[PDB]
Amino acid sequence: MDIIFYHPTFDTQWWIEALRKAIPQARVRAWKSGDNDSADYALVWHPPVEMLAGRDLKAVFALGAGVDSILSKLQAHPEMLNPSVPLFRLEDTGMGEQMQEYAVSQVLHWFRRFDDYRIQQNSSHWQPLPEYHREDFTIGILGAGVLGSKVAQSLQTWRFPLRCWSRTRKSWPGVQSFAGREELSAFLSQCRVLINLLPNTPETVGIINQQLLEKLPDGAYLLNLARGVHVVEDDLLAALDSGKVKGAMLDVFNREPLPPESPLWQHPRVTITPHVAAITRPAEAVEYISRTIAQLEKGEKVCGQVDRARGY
């Protein structure tokens, strides 16, 4: 078999060699413009149209969890990827644990009032503060997928009340499952902490806006680990300035890098990371891809597949 590989910034030579060793019968090459030779599988991130157009590939693997970029490019360029070609993404491959590390750390940080103690420390002021209680710190996960479930599981360990929101009902024993737009209001009503692990799709753009934020309990917290387009940043700033939202930690933004003129940078209740919440671990990704190709060859059901009609 023949594999073409393309990634705009990863260690391309490292990946080729690691793919060759995991799939020794395979010829792996980096894709460059003009290369119209045969290929069975394409491993891509932000690929140019030309890499895929007209190719009858056995599969394409997007080298990330999110596929909003490749799918929006296919919408604008329907000739890029034949409907015959199955599209896969990276499920977990280390990003699950990475989202658990980020979420658990910051949820506990807020639950233990480290933000308030930092403010008081800035004035050299010693003052024990009242403890928060788990019954008032219900956590809601917007999005209940591969990463959402992982974050829910790790927070349940700490005995926080937990709820999740998705399109379809979930069966997680101690997590209250809300489903659909008709249940979103009820889901938000108790979310002391709101964690966003949704995909970017046309149905979810701008979902974290003024109307959503004002349904939250007072003194709520926002963790945006998904996509910048999910949040209307001026609406968030207004809810931070009114005291509706006590704190927001944001890893993703409508424009990346976040422009220096954004008021989010210096807002006292905002914490910013530069889109680093969860990156695939190359060796786990090479193992996921090699195992998935082997399953495709054997006719075993795989499920890590993108549905172009639903958008994720």
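Heads up: residue numbers just count along the shown sequence, starting at 1.
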item	value
Comparing 11 to 19 with 291 to 299, the one whose average Cα B-factor in the PDB entry is higher	11 to 19
166 to 174 set against 101 to 109, stretch whose average Cα temperature factor tops the other in the entry	166 to 174
Highest-ranked of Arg27, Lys58, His275, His267 once sorted by CA temperature factor in the record	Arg27
Candidate residues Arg89, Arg227, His133, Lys215, the one whose C-alpha B factor the record puts highest	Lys215
Chain thirds of CA B-factor: placement of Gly66	lowest
Third of the chain's Cα B-factor distribution that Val49 belongs to, per the entry	highest
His77 - Cα temperature factor, lowest/middle/highest third of chain	middle
For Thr201, the third of its chain into which the C-alpha B factor falls	middle
Where the record places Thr138 (Cα B-factor, split into thirds across the chain)	middle
